[PDB]
Protein chains: 2
Amino acid sequence: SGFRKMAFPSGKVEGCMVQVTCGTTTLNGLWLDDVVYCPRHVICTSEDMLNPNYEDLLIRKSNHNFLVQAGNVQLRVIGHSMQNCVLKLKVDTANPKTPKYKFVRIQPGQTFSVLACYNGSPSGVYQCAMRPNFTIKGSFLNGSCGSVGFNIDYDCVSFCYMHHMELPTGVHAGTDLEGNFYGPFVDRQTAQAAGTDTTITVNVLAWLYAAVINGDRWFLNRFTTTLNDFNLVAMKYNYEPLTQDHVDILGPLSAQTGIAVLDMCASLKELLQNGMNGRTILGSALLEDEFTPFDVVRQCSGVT
Amino acid sequence: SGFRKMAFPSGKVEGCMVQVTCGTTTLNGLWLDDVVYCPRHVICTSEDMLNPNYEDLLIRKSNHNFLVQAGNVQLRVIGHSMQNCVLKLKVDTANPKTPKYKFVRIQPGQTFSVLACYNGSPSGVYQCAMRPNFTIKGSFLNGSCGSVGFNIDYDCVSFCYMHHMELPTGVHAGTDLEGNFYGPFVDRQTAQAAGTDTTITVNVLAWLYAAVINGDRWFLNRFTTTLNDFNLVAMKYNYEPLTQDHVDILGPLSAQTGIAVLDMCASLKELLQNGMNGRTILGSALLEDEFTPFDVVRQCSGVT
Ligand SMILES: *[C@H](O)[C@H](C[C@@H]1CCNC1=O)NC(=O)[C@H](CC(C)C)NC(=O)OCc1ccccc1
Ligand SMILES: *[C@H](O)[C@H](C[C@@H]1CCNC1=O)NC(=O)[C@H](CC(C)C)NC(=O)OCc1ccccc1
Ligand SMILES: [Cl-]
Ligand SMILES: [Cl-]
Ligand SMILES: [Cl-]
Ligand SMILES: [K+]
Ligand SMILES: [K+]
Ligand code: NA
Ligand code: NA
């Protein structure tokens, strides 16, 4: 038993990280088959980043202006093109460690593992949720751009995120692997708002079920509620509305615990109104919303 | 910026996990050079585990009674021996993916990454601290034994933990890679006490410095204190005593922030006495003690 925020094993993705340098700017690239993917602001100087015209900047760059380094070795860049906010560098060598992979655009509320890298080398791995406002709460320093987010299913890596920038609130923003930002953001160093960050209600309920599965049961109260009545509570607290789709997704955890989803909703309502009175749930004094129902099921069933 | 619990990249350790089966019992083994390391209770039936005589049980086992599987392939077991609570199986093939490695016995308060595995296959990675009472708060199900804890320095994996059991409190216990338990525990399915779990004071202070580095400063008060006066506070709350060795270890974070260590101690004292009044520090409503000063420095400096 026990319940922990846990990332996927990172080995398949470590084999795909390279270093990309253009002029003075160095960042990380993702090397799959004979293409290296990286954020297009690798072509910017510090001044450019304030207000970049990426088309005009890129037109001054040739293949040989991109230095791509895999460990000790230089890759030869044989072509380049910009797709939305990502740059694709064609190289003369297919990555021999390319795993089976696909590119996915993930939904708000879903989670993924970040392999944080600097200079093409992995530094650590942690789990993030795509928030409903399309930001993530990561840990990123200068040089971390091009670090990627991913999920594993069996032996297929599903890449879903590439890191580009930090917002004034300290949260993080990036694109899918087609270079399209999650959220309303642009890759320019100007102040940008993500708007109200709402709580992923279905995830909090999955985490409460995780707490019950692991013996934490003090917060279970004697009430039930309805969906419409709960959502009137939910929206007062900037929680996302709960739907029958969410109820069904929670079905298996509801069955494991014998706790109806609407019974758990009433338990959540009283936590929202009364707080936790200094108690803890799974070692936290906040309600946690970055575990999906699948995250709870896979952790509590030993999926490999 | 941002601060997250993050594990080391797991790729070097994934290449060392195998499956070990003896009779009906299956668990994980660590394959380095021509030796596989695993918990000795792989030789027990369910009944044996209640009160095992490991010497007598092992004497009924021959090399061919240990099935060791690396992916699809069987390894041939050419010898075996018990070292404390671990079994060493000599195999006829050196692991071609053996990384540079060593075995270390870690100190209470230090952290490490767990690569949780089932059936020889990695399932996820998370960070743990060796608590002062020599338990860890992990996430482990049946079949997870032989999962290992490790740290990376450059390209050397330092293995420090192998998983063996769960205590009645839900915390976890295991050995170093020489098979010696951390703590007073024995590998028998009988109720065992770990005793009072005290808080890793130097780690809480490192985490408060991490909070300041990342812009969280509301808890800084106008007081200072002394070591002896703080430790009178510390011991009332089951915190570990703070020493000049800890002060010096915190030196670099103290310098980064301009906050004297004893000033931060006085800030901690008021948090201990008054609580957090519903505020949060680095997104937590508890004081976090599973980040070492080195963990904070390495995260806040981009070490790879
Ligand atoms: C890519 O490595 C970088 C990641 C920033 C590093 C600071 N924390 C991060 O997540 N991205 C940028 O520097 C980005 C470049 C623009 C052309 C989009 N600019 C940026 O994020 O400005 C915010 C910022 C905050 C704190 C320090 C530096 C920049
Ligand atoms: C090795 O896979 C296993 C790990 C236990 C799995 C339950 N959670 C764990 O961490 N170890 C044992 O089953 C251990 C074997 C003895 C010979 C030491 N026994 C054990 O941990 O008993 C506690 C327990 C708690 C909950 C379920 C099963 C066992
Ligand atoms: Cl665009
Ligand atoms: Cl965490
Ligand atoms: Cl022993
Ligand atoms: K209820
Ligand atoms: K102070
Ligand atoms: Na897209
Ligand atoms: Na030892």
Side-chain angles (χ1 to χ4, degrees), chain A residues 9-12 14-15 71 96-100 154-155 304, chain B residues 8-44 54 57-104 113-123 125 143-152 154-164 174-179:
Chain A
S10 60
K12 301 211 171 93
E14 297 168 41
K97 304 177 168 164
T98 307
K100 180 159 164 199
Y154 178 70
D155 280 353
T304 57
Chain B
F8 286 100
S10 60
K12 301 211 171 93
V13 180
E14 297 168 41
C16 307
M17 303 308 312
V18 298
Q19 184 187 68
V20 183
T21 297
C22 182
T24 60
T25 310
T26 292
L27 45 65
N28 306 289
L30 185 69
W31 178 20
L32 299 159
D33 303 311
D34 62 345
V35 181
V36 175
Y37 303 79
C38 73
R40 67 178 170 166
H41 74 257
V42 68
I43 71 178
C44 300
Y54 282 107
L57 293 168
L58 186 57
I59 276 164
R60 310 204 260 92
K61 303 291 181 183
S62 303
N63 294 331
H64 68 263
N65 296 126
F66 298 99
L67 292 178
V68 179
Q69 181 145 31
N72 277 341
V73 175
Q74 299 295 120
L75 299 188
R76 186 178 301 278
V77 174
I78 58 179
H80 68 271
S81 69
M82 181 171 58
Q83 176 177 23
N84 302 309
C85 299
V86 291
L87 200 57
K88 296 191 289 193
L89 315 172
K90 187 195 186 48
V91 293
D92 67 344
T93 297
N95 182 359
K97 304 177 168 164
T98 307
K100 180 159 164 199
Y101 73 96
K102 59 187 160 98
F103 292 167
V104 302
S113 295
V114 169
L115 180 64
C117 300
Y118 299 91
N119 304 294
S121 297
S123 152
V125 68
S144 63
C145 288
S147 295
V148 296
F150 64 97
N151 284 287
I152 309 298
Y154 178 70
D155 280 353
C156 185
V157 188
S158 288
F159 295 102
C160 60
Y161 177 84
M162 179 167 276
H163 184 53
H164 290 245
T175 63
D176 64 22
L177 270 297
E178 294 186 325

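Chain A is the first sequence line, chain B the second, and so forth, proteins listed ahead of strands; every chain is numbered from 1.
Not a single donor-acceptor pair under 3.5 Å links the side chain of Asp34(B) to the backbone N or O of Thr93(B). The closest donor-acceptor contact from the side chain of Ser10(B) to the backbone of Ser10(A) lies under 3.5 Å. Here the side chain of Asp176(B) pairs no donor or acceptor atom with the backbone of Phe103(B) at under 3.5 angstrom. In this structure a side-chain-to-backbone donor-acceptor pair under 3.5 Å is missing from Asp33(B) to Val35(B). A donor-acceptor pair is defined here as one N or O able to donate and one able to accept, closer than 3.5 Å; no such pair exists between the side chain of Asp92(B) and the backbone of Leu75(B).
The line from CD1 of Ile43(B) to CZ of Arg60(B) is 8.0 Å long, rounded to the nearest 0.5 Å. For the atom pair CZ (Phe150(B)) and CG (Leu30(B)), the distance works out to 10.5 Å, reported to the nearest 0.5 Å. Taken to the nearest 0.5 Å, the NZ atom of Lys12(B) stands 7.5 Å off from the CD atom of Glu14(A). Note that CE of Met17(B) and CG of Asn28(B) are 4.5 Å apart. Values are rounded to the nearest 0.5 Å. To the nearest 0.5 Å, atoms CD1 (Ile152(B)) and OG (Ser158(B)) are separated by 7.5 Å. In this structure, CE in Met162(B) is found 7.0 Å from SG in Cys38(B), a value given to the nearest 0.5 Å.
Listed here is the closest heavy atom pair of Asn95(B) and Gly15(B): ND2-O, 3.0 Å. The shortest heavy-atom contact between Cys16(B) and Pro99(B) is SG-CD, 3.4 Å. Across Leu58(B) and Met82(B), no two heavy atoms sit closer than the pair CD2-CB, 3.6 Å. Scanning all heavy atoms of the two residues, the minimum distance from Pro39(B) to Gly146(B) falls at CG-N, 3.4 Å. A pairwise comparison of heavy atoms in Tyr161(B) and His164(B) identifies OH-N, 4.4 Å as the closest pair.
Legend: residues meeting salt bridge (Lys or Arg N to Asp or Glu O under 4.0 Å) with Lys88(B), ordered by chain and number and at least two apart, are absent. Shown here are the side-chain contact (heavy atoms from CB on, under 4.5 Å) partners of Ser123(B), two or more places apart in sequence or in another chain: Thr304(A), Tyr118(B).
Listed by first and then second residue, the side chain to side chain donor-acceptor pair (under 3.5 Å) pairs that reach into residues 62-72 of chain B are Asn63(B)-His80(B), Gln69(B)-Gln74(B), sequence neighbours excluded.
Of the options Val36(B), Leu67(B), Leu89(B), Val20(B), a side chain to side chain contact (heavy atoms under 4.5 Å, CB included) to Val77(B) is made by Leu89(B) and by none of the others.
Between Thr175(B) and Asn84(B) there is no side-chain heavy-atom pair separated by less than 4.5 Å. For the pair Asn119(B) and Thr26(B), the minimum side-chain heavy-atom distance is below 4.5 Å. At a threshold of 4.5 Å between non-hydrogen side-chain atoms, the residues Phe8(B) and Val125(B) do not count as touching.
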task: Could you check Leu32(B) against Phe159(B) for side-chain contact (heavy atoms from CB on, under 4.5 Å), going step by step and ending with a plain yes or no?
output: CA-CA 11 Å; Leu32(B) 299 159; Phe159(B) 295 102; 3.8 Å; yes
